[PDB]
Structure formats: C-alpha cells, structure tokens
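Working notes, beginning with the structure itself.
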Amino acid sequence: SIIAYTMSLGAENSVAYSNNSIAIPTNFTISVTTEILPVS
Amino acid sequence: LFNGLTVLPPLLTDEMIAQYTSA
Ligand SMILES: *[C@@H]1O[C@H](CO)[C@@H](O)[C@H](O)[C@H]1NC(C)=O
C-alpha cells in the first residue's frame, strides 16, 4: 500500500580525513550524459 | 518576514537546506 516519507537527501558517506592523508585514483572512466534544451 | 488567497509551504525546508550546505 501507499506511504509518506521524509525526504532523504542522499546516502550518508564520509571522507577519511587526516592531516597526512590523500586519495589519488588508478583507473579512469568515460561516461556520457545528456542535456536537453529548447531552441524555438 | 482570509479571502481565498492560500500560501503554501515549500518542498525543501529551512532545515534540510541548512543540511545540504553542510555537505
Ligand atoms: C579499468 O577499468 C576497466 C573497466 O572498468 C577494467 O577492465 C580495467 O582492468 C581497469 N584497469 C585497472 C588498472 O584497474
């Protein structure tokens, strides 16, 4: 049946911070998106 | 910051918004 919820803004995550820490990748990626727009 | 004029609330809050920013 039907329901009503409070809106979750996204899934809690966190950035492991530390004054001597870093994050650098190893593998790239290519990802196509879209953007539809009017002209007339 | 009646006569049939209704004011509504928004979808997002003054609170949630303040939560988005924090992120
Ligand atoms: C990079 O990602 C592709 C597919 O996502 C994978 O096939 C490839 O092995 C990855 N390379 C490394 C170095 O992880």
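Going through the structure tokens in order, the chains are called A, B, and so on, while each chain numbers its residues from 1 and the ligands are numbered from 1 in the order shown.
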
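Each residue with an atom within 8 Å of any atom of ligand 1 appears in the list, which was built counting only C-alpha atoms and all ligand atoms: residues 26, 27, 28 and 29 of chain A.
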
Against chain A, which residues of chain B fall within 10 Å? For each one I want the closest pair of atoms and the distance in Å (one decimal), counting only C-alpha atoms, rows by chain and increasing residue number, as a tab-separated table.
residue	atom	partner	partner_atom	distance
B:11	CA	A:7	CA	9.3
B:12	CA	A:7	CA	8.7
B:16	CA	A:9	CA	8.0
B:17	CA	A:9	CA	9.5
B:19	CA	A:9	CA	8.8
B:20	CA	A:9	CA	7.5
B:23	CA	A:14	CA	9.6

Requested in this report: Record the distance separating atom CA of residue 22 of chain B and atom CA of residue 19 of chain A, expressed in Å with one decimal.
Outcome: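 Value for the atom CA of residue 22 of chain B-atom CA of residue 19 of chain A distance: 20.5 Å.
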
Query raised in the report: Among chain B, which residues carry a DSSP assignment of helix (DSSP H, G or I), reported as a PyMOL selection string?
Result: chain B and resi 16-22

Once you have the residues from the selection above, write them out as a CSV table (one decimal), in the first residue's frame, restricted to N, CA and C atoms.
chain,number,residue,atom,x,y,z
B,16,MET,N,16.5,21.2,6.2
B,16,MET,CA,17.2,20.4,5.2
B,16,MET,C,18.2,21.2,4.4
B,17,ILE,N,17.7,22.3,3.8
B,17,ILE,CA,18.6,23.1,3.1
B,17,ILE,C,19.9,23.4,3.9
B,18,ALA,N,19.7,23.8,5.2
B,18,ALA,CA,20.9,24.0,6.0
B,18,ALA,C,21.7,22.8,6.2
B,19,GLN,N,21.1,21.6,5.8
B,19,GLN,CA,21.8,20.4,5.9
B,19,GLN,C,22.6,20.1,4.6
B,20,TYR,N,21.9,20.4,3.5
B,20,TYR,CA,22.6,20.2,2.2
B,20,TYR,C,24.0,21.0,2.3
B,21,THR,N,23.9,22.3,2.6
B,21,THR,CA,25.1,23.1,2.6
B,21,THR,C,26.2,22.4,3.4
B,22,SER,N,26.0,22.0,4.6
B,22,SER,CA,27.0,21.4,5.4
B,22,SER,C,27.8,20.4,4.6
